[PDB]
Every structure is written in structure tokens, then in C-alpha cells.
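So basically every Cβ, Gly included, is an ideal-geometry build from the backbone, and we count neighbours across all protein chains shown. Any read-out appearing in this document is the output of simple, stated calculations on the displayed coordinates, not a laboratory observation.
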């Protein structure tokens, strides 16, 4: 049903829609926490070994 | 104007006169300090958050709110339904500021289906087919907004037109809810600092206040706490509460430029010189507490030198306890008594606290208070107050004025708090020892005590099996060791089920149907298995009980039966998260501790219930005088006679089922249970109370047992 009933608004520009939708996601440093935790993970791992 | 965003903590007091106090009451100590802060945090916004809480994710909610300026100058202007709304532009023609045609207006008046045309093309009209953010975006513009629904967020919501159009279109309570917004605005002022519950973009002039306690679980925005905290953490924007007291803000403790040695920092100096003749001669529901850091030290070495020692954090000890005991900072008090036990006041501090942790890290520890540890501590010094705030107490751990049972593991220090503390005052009525129920009472009731009977059954087993069981219980790594322990458990369970349950069930009125009962039990199962209608609170104390009872040698068992019983009860207890017993103690004794700080005398009260003389005489009682007898169910205390009398006209919707035997053993029962929150927070209740005749000389002879029902009525007394 999904692959046979897909439809969108008539005059759609993907770039505008995606950009307007993705804007709130990349708004803070939160997207970089994993980097810091990975760094600590490395140092902890080596020292333990 | 630096802004500090605030997220309330676990039991944040909200009905307080000033939101500021619940943050940290030290800020109110000095006029020179309290003048530097604004608060905002309006009620209308609070109500909106309460509603939308169930309909937005944390990320969405934060994303929506973060852009709003500090004083919200905009309003949401609700429009009435088109048939109603259209008449407004003709009732006042100049009010047709959009100049919608008269023909269209009266065409709407004629139509069976008045269309949205009257709304159509009106600038900044918000149809029901809109979303939360649509409002918030316009809120940043400061201008008022016109909406077609009540469920809106970000600005105070008020009627656009007089109430006549919205009437019928909306109902009474709905029509009522907008009244403060109809005349919403109030000014906001440019002081040095302004606290706010409204989030904001964290930056060079905005800070997140860190209190080091769990959030208010009920507060709708607590879900934002992690994201906010981590963002502040990664940019070093947290502020410990102490930083607020300094002349210039900086995140840190022990700064170079300030010694932080001033009366403002010392939270122990709680002072209340000002007055306003307000009805709250005292609000005994608001309790100031402190988190303190204390240094512990052992005996010095052979040359007078001493080890570095260790410092621990004690959480939320009530401050009046320390003040009334004249405790002062920077003083090295002796910790140990003559017999090596802790000095009483320290024990009270531990008992009424919420938790004890290592000062630096966040690891909670159960403190030992016996001869177990080598190089044991002998001196204690309080160093500083990490936090000092007022907290709401009303009905928090317990709910009913009737009674409450607290479960604690065997070996707790309940005796200290129930005896030494009231004895330390012994001048104001706190409780009646005849009303508190020791957890051991029923075990002592059997002609051979429950312990003796258990011992007598137990010895029939082989000694080696018992020896193996005891060792396994002590040795933590001895997982299960089924054989030895399970056998003992079977004997314990079989005996308890056999004898204790009927004996317990035979004391039902004694536990609940007295004036006000405080009871202890070794496990909630002790009550549930007997069907006793009393609230049970699963408490815990931050001290190691196992070692503690290992020091009590004068018992029926040679310290081995005790640990066996302890394990059995713990096994019997139901698995659930237990609460800190200090919170319950704070609810009961806390208000009393504030009595000596008061300036004016107390006023007694009670809610005596009548008793017709007919039934008494019919029961063979000899009584003088016709007027119906009355009996005091529970006494209370206030200090403002004016408001107290003003609050005495309420008729409690809780009947009393009084019962009394010929032996004058008197009992009370409230058919609708009496909840503590129903008590006005200006009152003050004793921890326990015993029902009694208001005038025992009226009766001349006790006939048979008597029961009757009557209403309840608060009244004065002299």
C-alpha cells in the first residue's frame, strides 16, 4: 500500500521544505557530546589496559 | 540585568509569599541583597504550562519557549463565534477597525451558517487550524494577537470583546478563567539580577542555577533539565547558589578575591525581625532547611598532629534544629559521648536529613555509629552551607490526620527522636508516649514473647545448620546458601503466620482509632497481612543498622537472634523503593521546631464532637445536666486569633464514629477520612494525641460500652 499510494503536494520544492524542516535540529552544541565522551572513552580504555 | 533561569527542586514551595525564598532564603536576609533581584514568573504563564505539558515533547517545548522576551507585552485576544462576533462591529461602529462591510455583517446575522468571513482577512487572525509555535512567533513581536481557541501558549489570553458575545459561546468557568488577563499587565524593573522560570538562550548574560538536588517531578518543565544542564556544563554556565550572594557573579567556590566570610553567608543565623500583622502569624507548612558540609576527624597522633580527615555532605537538615541547639559554624564540637555513642544532636541531624554523601562526588554512604571502624571519628566541624532554602511540608509524606505507620529496619534509633527530642524541651506539649506504638509491642504481648517462642522452635534444629545460616547472612558474598537460611525462614514464616497475625488483627482500634497515632513496624507486610487501614511509609535512615544492633548485647538472644530476625523481616518486607525517613520526621516534628523562634504566644483549638445524653443514660451512664456531652478529638494551635476565627466557620464533611467502653477506653473514627492537606496551613498539630472528655466531671458513673455518631466542629477553648 505504501509503495502504491505515495503522493505529495503539487508544487513542491524539496530544498525549501527540507531546509525549513532541518533547521531546528542543528541549533546547539548537543550534536557534539558524543565526540567528548568518545575521547574520555579512549583515555579510560588505554589506562585500564 | 543578568538573568538566571531557575528550575524548581523536589519540594519547591510555591504558595510562598515570595518565590525568591524557596530558591535560597539567605537572599532575603539583607535589604542590601534582596533589592538586587527581580522575579517575573507570572501565574498566567504557569497555568498555560500546566495545560500544554501533556501535549509537547521537551525539545519542542524548549524550542518554542526559548525566544520569548522577559516581560511579555503581548496578549491573546479571543474572538467570539462569527454570529456573536459580527454584532460587535455594529454595536460600536468605530470598533469595526478592519471596516468589514455592513452588508456582510448583517448577511452573517441572517445566515443559518455564519461563515468565517468575519474572521477572513483580519490581520494576525489565528484559526483553530494552527499550532503552538504560530503564537510564539508573534509573541516576539510584542503586539496583541487575535485567536479562535483557548488552548494557546506564550501570552496571557483575554477576551477581545465584552463578555456578552462569548457568553453562550462559552461557559461560566471558561468565561471566568480569562479575567486576570483581561487586565493583565504589570511592570518589570531593571535591577542587577532577574530570576525567571522562563527558559532562555544561555549566553554571556544568562545563567543556569544549579542547586544539586532532584527536580520537582510534578513541575511540567523538569524534563528540560538535562538538555539545559549539559549545554550550560559544556560552556561553564552553572552557578552554585552561594555565588549569588557575592557582589559580582562568578561560577566557583573559594574564590581568590573573596573570603566568603560574612554574616550573609552564614545560613545558621536565621532572623525574622520584620512583621506585617499578616494572617500567617506563622505558616507551619513552610520549613527552612540547609545542606551542610561537615568535617570529621579522629584522635591526634602521639605528637599532637592529626590526619587530614574526611568531609561529608548532609542534605536538608532543618535549620531550626541547629539554631535551637546553638550550633555554630567553625567550631570543633566533640562527636562521641562518654559511652562512645554519638552525641544526641548529631544523631538528630542524621535522622532528619535526607541523605549523606561524600562531599566531592555523588556517592551516598550509610554512616556507622559504633565501635566497628578503626581510627574512629571524635570531632566534627560544620564548614559551610551548600544551600539554604525553605521547603513545603504540607501533607508530603503522609496524608491523613488519623495515623501513620513508619517502617524501619531493626536497630534504628527511633528511641532517640521519640524520647530525647521532646525531653529536650519538655515544656510544650509535643506528643503522648501512650499514643506512639513501638514496633516491638505486639511481639512483647504474647505470654511467651514472640522472640522466645521463635528461639524455642529454632533450637530444635541442628546447631551446625544454624551456624552455617548465620555466617552466610553476615558474609555478603554467600549468595543464597539455600539450605541453612531457607530452613530458618520456613520456621520464621510458619510461626509468624500462626501467632502474630491474629494477635495483630486483635489490636485494630489501638493502632488507628485513637486521637492521633504514630506507629512503627518492621515491614509493611505486618500491616497488609492484617488489613489495618493505616497509611504505611517505607522509610530508611542513612546509618548502618546491622553494626548498630551488633553492639546491643543485653537482649534475649546473644546478638545472633537479632541478626536472624533482622534478615527475616527484611526478607518479609515487600520490594519497593524506600523513602528517607527524615522527610516524615520533618513533616511531624519540623513545625514544632520553629515554635521557639516565634515572638507571640500560641492559641489552642480543638474540634470537639457532641454526644447526646440520651444514649449515655440509656447505656446506664450516670451523667449530670441535660446539655449534650462533647469530646475533644484533636487539638490545634494558631497565633492570629482574627484569621483563626475567620477560618473556623467551615463545616468539615467528615463524621465521627465515637466508641467508648465501660473501662473508659475511648476511640474515634472518621467515616470520611480526614486528610492533612484539608487542614489550613496556618494551623499546627501535635505529633500524637489522645481523645478524651472535655469535662470528665460531668459523668458520674460509667455504664456499659457506648457508640454514637456526631459532626465535627473546630472551636476555641479556655
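Summary of computed values
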read-out: Subset of segment B:193-213 [touching a helix residue (DSSP H, G or I) at 6+ places or on another chain (Cβ under 9 Å), assigned to a loop (DSSP other than H, G, I, E, B) and more than 14 Å from every other protein chain (Cβ to nearest Cβ)]; value: B:197, B:198, B:210, B:211, B:212
read-out: Selection from segment B:618-645 of residues that are part of a helix (DSSP H, G or I) and either buried (at least 19 other Cβ atoms within 10 Å of the Cβ) or touching a residue at least 24 places away in the same chain (Cβ under 8 Å) (or both); value: B:641, B:642, B:643, B:644, B:645
read-out: Yes/no for residue A:30 being within 14 Å of chain B (Cβ to nearest Cβ), closer than 19 Å to residue B:60 by Cα and surrounded by 10 or more Cβ atoms within 10 Å (Cβ to Cβ); value: yes
read-out: Count of segment B:345-367 residues which are in a loop (DSSP other than H, G, I, E, B) and under 19 Å from residue B:307 (Cα atoms); value: 2
read-out: Only listed residue being free of Cβ contacts under 8 Å to residues at least 24 places away in the same chain and loosely packed, with under 13 Cβ neighbours inside 10 Å, chosen from B:340, B:360, B:330; value: B:360
read-out: Pair list, Cβ < 7 Å and 6+ apart or interchain, from segment B:509-522 residues that are more than 16 Å from residue B:398 (Cα to Cα) to residues that are assigned to a helix (DSSP H, G or I); value: B:522/B:569
read-out: Among (1) in contact (Cβ under 8 Å) with a residue 24 or more places away in the chain; (2) out of contact with any helix residue (DSSP H, G or I) (no Cβ under 6 Å at 6 or more places or on another chain) - the single one residue B:270 does not satisfy; value: (2)
read-out: Some residue of segment B:296-307 being more than 30 Å from residue B:678 (Cβ to Cβ), part of a helix (DSSP H, G or I) and touching a residue at least 12 places away in the same chain (Cβ under 8 Å); value: no
